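Data first, discussion second: the structure below is written as structure tokens.
Please treat every number below as a calculation from the coordinates, not as lab data. Note that we place each Cβ from the backbone using ideal geometry, even for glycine, and neighbour counts take in every protein chain shown.
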Amino acid sequence: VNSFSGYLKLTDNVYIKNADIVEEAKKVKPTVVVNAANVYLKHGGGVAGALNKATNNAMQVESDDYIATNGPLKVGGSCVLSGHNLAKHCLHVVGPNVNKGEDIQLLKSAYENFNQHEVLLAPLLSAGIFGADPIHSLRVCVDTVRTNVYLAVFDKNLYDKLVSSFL
Ligand SMILES: O=C(O)c1cc2c(Cl)cccc2[nH]1
């Protein structure tokens, strides 16, 4: 049993809810929250900007030190950093950004990072301002992630469409 409430079950291991991932993290304090990161860990907008704002910029301060030491992530890659006030850990995962012309086949590689964690709270990757089709992102998630993932989708309108189109 876990703390996640109000989710629709899509598969054995994937659950979905219309929720603000920031407000969901604040309530649950999950072991892992996933950030929709870029390779520079520059948390300006989208899910990353919202998570970082909720940490009072501490996420960005920590991220800048990580990049100064290690250099940029790979598209499809990830790193584990603090979850600050939101979670124990934040898994920063880089999905391909269609608005930068990145290979959408890298979305499966991105979701494979989730398999290193038994339970996660996560946004659909590459969706929103990353320009991928969220329906596609949910299909790759279900077909890739084998650990237990709780998806918090921001838009009530994109949410209802994801449920009603899910195969
Ligand atoms: O609600 C979602 O699933 C979602 C929103 C979003 C943004 Cl704005 C940027 C990157 C990934 C994202 N996922």
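Points to keep in mind about this one:
- Net charge dipole, the chain: roughly 220 debye, given to the nearest 20, about the Cα centre with Cβ charges of +1 for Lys and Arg and -1 for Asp and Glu.
- In order through segment 88-102: 3J(HN,Hα) via Karplus (6.51 cos²θ - 1.76 cosθ + 1.60), integer Hz, x for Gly, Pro: 4, 10, 10, 8, 7, 10, 9, x, x, 9, 4, 5, 10, x, 6
- With 18 Å as the limit, the listed pairs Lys100/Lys161; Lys26/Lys74; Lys29/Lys88; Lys9/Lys108 have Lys100/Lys161; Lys26/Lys74; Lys9/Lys108 beyond it between alpha carbons.
- Taking all Cα pairs closer than 8 Å and separated by 6 or more residues, the relative contact order of the chain comes to 28 percent.
- What the phi angles of segment 6-19 give under the Karplus curve with 6.51, -1.76 and 1.60, with θ = phi - 60°, is a coupling list of x, 7, 8, 7, 9, 9, 3, 10, 10, 10, 9, 8, 6, 7 Hz, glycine and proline written as x.
- Principal axis dimensions, largest first and in whole angstrom, of the chain by Cα: 43, 35, 28
- Its Cα gyration tensor gives segment 40-104 an equivalent ellipsoid. The semi-axes, each the square root of 5 times an eigenvalue, are 20, 14, 11 Å from largest down.
- Net charge over other residues, Cβ less than 12 angstrom from the Cβ of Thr11 (K, R count +1; D, E count -1): +1
- Distance from segment 37-68 to segment 77-101 (C-alpha centre basis), Å: 9
- The phi-based Karplus calculation (6.51 cos²θ - 1.76 cosθ + 1.60; θ = phi - 60°) puts the 3J(HN,Hα) values of segment 30-39 at x, 4, 9, 10, 8, 9, 7, 8, 10, 5 Hz, whole numbers, x for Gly and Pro.
- Each of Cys79, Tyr7, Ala25 was scored by the projection of its Cα onto the charge dipole of segment 1-113, and the greatest displacement toward the positive side belongs to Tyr7; charges sit on the C-beta of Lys, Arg, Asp and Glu.
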